[PDB]
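Single-structure report; data block below.
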Amino acid sequence: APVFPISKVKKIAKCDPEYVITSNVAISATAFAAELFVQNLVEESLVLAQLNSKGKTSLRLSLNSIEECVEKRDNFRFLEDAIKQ
Amino acid sequence: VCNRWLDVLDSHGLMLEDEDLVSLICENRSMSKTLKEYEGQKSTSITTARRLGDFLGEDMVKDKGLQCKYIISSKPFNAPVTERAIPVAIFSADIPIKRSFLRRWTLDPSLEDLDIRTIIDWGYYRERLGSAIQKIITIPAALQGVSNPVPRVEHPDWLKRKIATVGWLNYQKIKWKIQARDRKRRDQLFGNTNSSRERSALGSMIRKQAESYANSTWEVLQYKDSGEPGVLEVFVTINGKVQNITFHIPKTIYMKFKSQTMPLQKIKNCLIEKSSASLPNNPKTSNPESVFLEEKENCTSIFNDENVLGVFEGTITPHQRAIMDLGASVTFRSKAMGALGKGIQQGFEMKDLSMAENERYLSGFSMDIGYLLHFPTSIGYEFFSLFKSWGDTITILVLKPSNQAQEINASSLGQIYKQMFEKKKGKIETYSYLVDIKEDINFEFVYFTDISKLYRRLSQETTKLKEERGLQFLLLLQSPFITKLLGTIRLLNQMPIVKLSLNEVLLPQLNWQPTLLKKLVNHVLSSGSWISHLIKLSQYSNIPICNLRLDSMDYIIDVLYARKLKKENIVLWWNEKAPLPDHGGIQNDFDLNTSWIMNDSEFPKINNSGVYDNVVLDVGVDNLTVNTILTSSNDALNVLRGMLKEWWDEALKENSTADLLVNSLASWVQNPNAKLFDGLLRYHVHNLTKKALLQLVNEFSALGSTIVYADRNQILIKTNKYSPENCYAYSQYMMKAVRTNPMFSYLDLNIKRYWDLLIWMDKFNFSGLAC
Amino acid sequence: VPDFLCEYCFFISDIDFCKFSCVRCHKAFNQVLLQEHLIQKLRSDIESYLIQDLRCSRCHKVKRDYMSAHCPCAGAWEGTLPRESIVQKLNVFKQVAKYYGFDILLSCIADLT
Amino acid sequence: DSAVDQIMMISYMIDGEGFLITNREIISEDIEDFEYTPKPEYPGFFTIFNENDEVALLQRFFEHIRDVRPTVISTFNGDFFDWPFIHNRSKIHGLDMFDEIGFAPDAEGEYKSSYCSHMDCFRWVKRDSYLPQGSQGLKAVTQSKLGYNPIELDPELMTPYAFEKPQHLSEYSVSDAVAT
Amino acid sequence: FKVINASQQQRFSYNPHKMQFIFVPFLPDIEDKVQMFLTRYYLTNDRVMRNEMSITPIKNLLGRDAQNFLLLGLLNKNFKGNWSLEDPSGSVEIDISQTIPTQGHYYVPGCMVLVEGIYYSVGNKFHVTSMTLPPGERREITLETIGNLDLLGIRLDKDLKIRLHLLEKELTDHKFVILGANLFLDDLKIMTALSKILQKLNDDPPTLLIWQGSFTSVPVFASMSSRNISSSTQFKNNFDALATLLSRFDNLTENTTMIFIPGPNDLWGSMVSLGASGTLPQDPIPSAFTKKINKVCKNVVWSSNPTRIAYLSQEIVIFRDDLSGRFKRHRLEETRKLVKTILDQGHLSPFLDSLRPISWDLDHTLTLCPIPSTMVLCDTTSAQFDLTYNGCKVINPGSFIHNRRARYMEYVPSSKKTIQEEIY
Amino acid sequence: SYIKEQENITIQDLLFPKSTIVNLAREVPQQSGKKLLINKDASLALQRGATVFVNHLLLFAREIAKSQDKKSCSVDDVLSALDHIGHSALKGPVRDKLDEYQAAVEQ
Ligand SMILES: [Zn+2]
């Protein structure tokens, strides 16, 4: 479905400093994988936000749950060096 | 007893093995807090933790509670024991990983051996055992009045003197590349514990794949050689799409030696059954299992089982194809709804799953078809056409010498496509729900000179068709000469590797009709009728598209023969890459006796050149090898007789793609390219066909018939002097009716031979025709 | 040379050294497969010459010992298979290799000298 | 860890009649009914309940607790390792533990309850068993106080044994259930 | 210096009185087969004569019932229970019970074993008290009875120098890579792995790399191996692909003496008869069949299986077969299976001709009377062992398919050590 | 190896929308929650995570592209790098939405 246009596809194509000539549908695959990654991190970060369900923010996720879901999991170990601010 | 333990610690454990030495010498010592919270302290549990943190990455030194098991080396000279710790995981890792990370801790790049008796400190373990034997042996003995009992250790002065009567992405990319170099080393150390760290949470992207997987019609068998072997890439087909899954396949050898091999090897599965395979071998009174390590065959050397006499050679199941015959072509995981998601994520363990189903109606479908076919010749043709069912554009990579112009502008191709399309439009309207070639074609050539960049253009066009559909398509590769040479260019897709075309025919450069009228467009309309032929040939034989099926029809016979051998359990399968014997010792002198020099079928000379009467031959016997097994090792021959008796039953009143199995079963015995049996089967069927030739050379002699020739295709009959040629019809039916009875099965037809007053010396005389 | 099989009409039949296509349909197969079959027949006869037994004039019994030079019998010492039989087969292999092209077959004939 | 991991087996012995609930996602071969009798005074009968998901495992375990109506809940080293792991796995899945069986922890981290009064038997080994410290685990207390040597396997190869040989791990979990 | 082939040397006619080299000069005789079995027993006869006590044949031990002599003989099988033993006088027969042999060796049908027991004079059924085959010897005694004649031609006694040992200890940049256990050139994985190994062997030049020849996967038989290609044309395509892959590395092309040796899967010349082991002394596949890989280099030498290479002080026979699968197949009744028969057996393939044929022409190519102090046993059923407790260094390059892939060895001939290297 | 530490140089590294991040957090788990809001520090972490993941997939596709000696990239080079980072769960639905994008981009 035409939901994510070529504007953000060209936004995520000029961002790379040293990149080889990729195809026009591989960047579309990376954009579809990026929205599924953001959906997987949202669904897997409420698995660790349910560990602290004593208050009203149990259905609402936050940075402490995001930080521990990034440092515990092995498929999200590339994000703890970029969560530091 | 301290001398026995000092002898086992003095000779560095040379009589002991390496696993008992690393379980004996090492020290289990876990931690309580993290590595970062132990700054400023120096101990052996902090040194092993720092070595695991810079050797196996930073992922295990994040959380607290690390179990740092260690050993102590000798090669750091005059250093403390708190900084001489080495983990046990450096000896379980690979050779250049341990050699790369050992020397940075050992501080010696001069070492060439990785033998554990040379690295570890025998003197630190000797002094810790010495202070324990010093206390409990030499400490209360000198005061009691007896001497030093152990002469290896000694006692000092205090008890001896009494005896006097964009920026930052470069750093991030190098950090992620070294981080994933340690994660692949973590998976190189063990292949299952890190794998279930992503599948511990059942997300809704694994559950959707688990709710959309039922009746997996498998399509192509594959390989994985750059990593763990024994795991197969399976392109199974779901109800609406095709899923690329992976299958874990074990190696079920028949060995019977698992009795006293329990502390020797690591026997996990405990199963004792009838693991006796009956093949002809050398020891007398022996007249005719599985594995827990699917990556390496660490088998036992010394054979003494005390159950039956005879060394088991390790007769195996076929390692690359033990799922297409033992399982099915239509795979089905019979279980609940929620375990198959873990099977999709890890890889399907088909040893405990993947049972068969009904094998009829394998492929009822509707999807796209890719079609790559190459045409090399002695002239430079190279017609690398790429037909696709959705794009309709074929791309020929032709015209290697670019000076002259000899290739058409698709005008002639379009006119012959129109005439061929009208005749095959009726033939295409028969098979149109599978392949739609019904639209009017339109295409463009690519006239190329180089070969390397032509393969680069070919790889760009196959990635173009693999990106235009992704999946839900089928690529039928059909190159004749370079069929196994086209497997280096493009891969990782489902492909019937088939030599359909024999060779491209030679042609003078003044026309192009034998290379374009029936070679290019007739092959894509034949590809439509050919995939319906393939649907029927894989619905009957029940094997996926891994077979040749037109050049070599010896694989379907092999899959059916392996299923017939798996129906029973006395006789088993054989070799896969060898010349395929069925003997007791594959690497021996047994096959020179079964070579059989010049292989004489028959050679008759009764010296009759001029025949006495006007006799006509109608004795043109075919299928004599088929009509030998249907009349007649022993169990392999009777299971072949039962398979051919069941095979002739479907080749009567209802047959479309199973009548070729009979003629391919005739051709299948004499060649080594055929699988699961050609060893003693060829010589035995040759002697039994020689016996059947000698039985049918005199049982048909109800009249005065004599022979002069016998070479399994035709013989000589002889009729009376009266009634020369008008009586052919009744003589032919009476000859067939008296020839069908003494052979007792009568499955060899005789049609239209020739004879009219012959002359025959031995081979150079053919005088006579009467048709 | 025995049992040549065709590619697709499956007519299994023997051929001769005195005349390549089928006798059922009509198409040439290749020349290198017939060339390969002739080196296979040559090596088969050479390995069958290599497994010759202890046989002579009086002692016409089977050979049952390797370490034994000759039988404790009264016959003159000779052999089982003669070299003149395989050199007559080697010159008919050379005649069928030089009558036709057959480069690797004559190459292996030169290799065994 | 209690959030990156999941429980594979629950081996419980309700008054002589043992039970076992296994997670079919990690465990490959589904375990059938077997026996573990290391001595004739300790009979072990274990009807395995092969639940597919971990939510099914935890709900069948809490359903069997809610139907059997226990008056004593025992385990070895409960409040330190065994009991908060099940509270974190019941906090991860939608059904929280306190809403069905009343097992809320105290201020010091001890999983007490109102009706059943949880019996952590590692608070007897550390208190007055007169056992030497360094050999106070479950294997050494059953080799010393009880008269049999149980199944001695290292816990670091427990996870590859879930996918490879689950019958030996079901024997080990039934061993520590009849020993507890 | 140069590679001594299977037929490119003088013929060593070992006499029973002096064991020297006589002048023989295209097809063998039966007299040479009788001399072959006589040289198989008479050259192991001096393994206890020059070691030492009383030596006498079975003719002095026929009519009795109690004995003392260690009966040296090769094990046979005539009938179902007719275990025959010999010497060049007659024959002895061995029973099947009271078996207690030395468990530091391997017994097989054809290894010469000393035995002791009773005679059992009703018939001739010798018994087994002690079953131990004799061992070999060292360098100082193996070449003193040979006189002053050569192996390849250096016929002078100039090899008693320690400057020849300092000539082999001087250039320490010598490299003898063994490379490993018969690679298959059909799958792309072994091709990419040999490309990476040639990259790491291209940036640093060796001196004489013992490569791995005859590398087709399927053996050549009397049928077309590929789809439309034959079994001769598919291997032509495979050595042309190996020649184009070898010409992508231009450092091995000049100084590295690449040596090609077959296995049991040789080309169209020597392996279309057999499919399992064939004759062990083979002929090398020459320039007549292979043409494309010979023009890409100037240091490619083709040689057979039991072929020594000269270093003027050292001989290295690089054998290739499944010896650990053949010795395991014949018992009495990975590491410790071939470390027990180098000294104990002076023949490279101790079997009869009915179980392993040897050509009657060449039998002094696989004999081990000049004992090598460095030896290569390339197998496919063994491990990477290196045991030197005798003086002979025996290395075994294992395989390519195990848990970690791409195993290959690197034997330094100057430092006399060996190492192995994986790459993934 | 180590070259330099981290750099908060977010002048050009602050580009992705915020409405798409909160649009990609629907998540209905069959009536187990209300799903009212997400705080802004988690939305800034999700924006930086999406940008870092797109750079992650591009370096992993280019690092497995050089092993096959191809100087290009593709769908069979991007999705053959998704198992190297441990994300096969993303690989299956990216295949069905890529085939829905290819089945709807023709019209
Ligand atoms: Zn034909």
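Ordered as shown in the structure tokens, chains take letters A, B, and onward, while each chain numbers its residues from 1 and ligands are numbered from 1 in the order shown.
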Mind dumping a table of every chain B residue within 8 Å of chain D, with the nearest atom pair and its distance in Å to one decimal, using only C-alpha atoms, sorted by chain and rising number, as a tab-separated table?
```
residue	atom	partner	partner_atom	distance
B:192	CA	D:160	CA	6.0
B:193	CA	D:159	CA	6.1
B:196	CA	D:26	CA	7.9
B:197	CA	D:4	CA	6.9
B:200	CA	D:5	CA	6.0
B:201	CA	D:4	CA	8.0
B:268	CA	D:165	CA	6.8
B:269	CA	D:165	CA	7.4
B:336	CA	D:52	CA	7.1
B:337	CA	D:52	CA	7.7
B:338	CA	D:52	CA	6.3
B:339	CA	D:25	CA	5.0
B:342	CA	D:25	CA	6.2
B:352	CA	D:29	CA	6.6
```
Write the selection just made, keeping N, CA and C atoms, as a compact mmCIF listing (two decimals), in the first residue's frame?
```txt
# COMPACT_ATOMS: atom_id res chain seq x y z
N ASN B 192 22.83 -23.07 20.80
CA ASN B 192 21.41 -23.08 21.16
C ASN B 192 20.96 -22.11 22.25
N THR B 193 21.84 -21.75 23.18
CA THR B 193 21.46 -20.89 24.30
C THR B 193 21.28 -19.42 23.92
N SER B 196 17.70 -18.88 21.78
CA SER B 196 16.41 -18.77 22.45
C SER B 196 16.36 -17.54 23.35
N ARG B 197 17.18 -16.53 23.06
CA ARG B 197 17.19 -15.28 23.80
C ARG B 197 16.38 -14.22 23.08
N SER B 200 12.32 -15.89 23.48
CA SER B 200 11.81 -16.08 24.83
C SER B 200 10.48 -15.35 24.98
N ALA B 201 10.28 -14.28 24.22
CA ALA B 201 9.03 -13.53 24.22
C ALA B 201 8.33 -13.82 22.90
N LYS B 268 23.66 -39.50 24.34
CA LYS B 268 22.52 -38.80 24.90
C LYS B 268 21.28 -39.67 24.70
N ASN B 269 20.98 -40.01 23.45
CA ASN B 269 19.83 -40.84 23.16
C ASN B 269 20.13 -42.31 23.45
N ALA B 336 0.43 -28.57 18.32
CA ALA B 336 -0.50 -27.52 18.70
C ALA B 336 -0.21 -26.21 17.97
N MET B 337 -0.85 -25.13 18.43
CA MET B 337 -0.73 -23.79 17.87
C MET B 337 0.12 -22.87 18.73
N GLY B 338 1.45 -22.94 18.62
CA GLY B 338 2.29 -22.08 19.44
C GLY B 338 3.70 -22.59 19.68
N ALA B 339 4.02 -23.75 19.13
CA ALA B 339 5.34 -24.36 19.21
C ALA B 339 6.04 -24.28 17.86
N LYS B 342 8.30 -21.21 17.44
CA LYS B 342 9.65 -21.47 17.92
C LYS B 342 10.40 -22.30 16.90
N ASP B 352 11.83 -35.11 15.54
CA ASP B 352 10.77 -35.31 16.51
C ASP B 352 9.44 -34.83 15.95
```
Go through the chains and note each residue within 7 Å of ligand 1, using only C-alpha atoms and all ligand atoms, then give the set as a CSV table (one decimal) with N, CA, C and O atoms, in the first residue's frame.
```csv
chain,number,residue,atom,x,y,z
C,6,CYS,N,21.7,-45.2,-24.6
C,6,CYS,CA,21.5,-44.0,-25.2
C,6,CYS,C,21.0,-42.9,-24.2
C,6,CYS,O,20.8,-43.3,-23.0
C,8,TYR,N,18.1,-40.7,-24.5
C,8,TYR,CA,16.6,-40.5,-24.3
C,8,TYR,C,15.7,-41.5,-24.9
C,8,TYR,O,14.5,-41.5,-24.6
C,9,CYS,N,16.1,-42.5,-25.7
C,9,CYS,CA,15.2,-43.5,-26.2
C,9,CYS,C,15.4,-44.8,-25.5
C,9,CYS,O,14.7,-45.7,-25.7
C,10,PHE,N,16.4,-44.8,-24.6
C,10,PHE,CA,16.9,-45.8,-23.7
C,10,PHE,C,17.2,-47.2,-24.3
C,10,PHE,O,17.0,-48.2,-23.7
C,11,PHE,N,17.7,-47.2,-25.6
C,11,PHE,CA,18.0,-48.4,-26.3
C,11,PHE,C,19.4,-48.9,-25.8
C,11,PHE,O,20.4,-48.4,-26.3
C,22,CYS,N,22.6,-44.3,-32.7
C,22,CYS,CA,21.8,-45.3,-32.2
C,22,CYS,C,21.3,-46.3,-33.3
C,22,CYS,O,21.5,-46.0,-34.5
C,23,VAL,N,20.6,-47.4,-32.9
C,23,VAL,CA,20.1,-48.3,-33.8
C,23,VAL,C,18.6,-48.3,-33.7
C,23,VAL,O,17.8,-49.0,-34.4
C,24,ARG,N,18.0,-47.5,-32.8
C,24,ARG,CA,16.6,-47.3,-32.6
C,24,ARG,C,16.1,-46.0,-33.2
C,24,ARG,O,15.3,-46.0,-34.1
C,25,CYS,N,16.7,-44.9,-32.8
C,25,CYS,CA,16.5,-43.6,-33.3
C,25,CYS,C,17.8,-43.3,-34.0
C,25,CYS,O,18.6,-44.2,-34.1
C,26,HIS,N,18.0,-42.1,-34.5
C,26,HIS,CA,19.3,-41.8,-35.2
C,26,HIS,C,19.9,-40.4,-34.8
C,26,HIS,O,19.5,-39.4,-35.4
C,27,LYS,N,20.8,-40.4,-33.8
C,27,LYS,CA,21.4,-39.2,-33.3
C,27,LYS,C,22.8,-39.6,-32.7
C,27,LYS,O,22.9,-40.6,-32.1
```
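Computed from the coordinates, the CA of residue 384 in chain E to CA of residue 419 in chain E distance equals 9.5 Å.
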| Computed interatomic separation between CA of residue 163 in chain E and CA of residue 1 in chain E (Å) |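 Going from CA of residue 163 in chain E over to CA of residue 1 in chain E, I get 16.0 Å.
Going from CA of residue 293 in chain E to CA of residue 455 in chain B covers 23.9 Å.
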| request: Using DSSP on the backbone coordinates, identify all residues within range 11-95 of chain B classified as alpha helix (DSSP H); present the result as a ChimeraX atom specification. | output: /B:19-25,44-55,95
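For range 158-324 of chain B, the set of residues given strand (DSSP E or B) by DSSP on the backbone reads residues 216, 217, 218, 231, 232, 233, 234, 235, 236, 237, 242, 243, 244, 245, 246, 247, 248, 254 and 315 of chain B.
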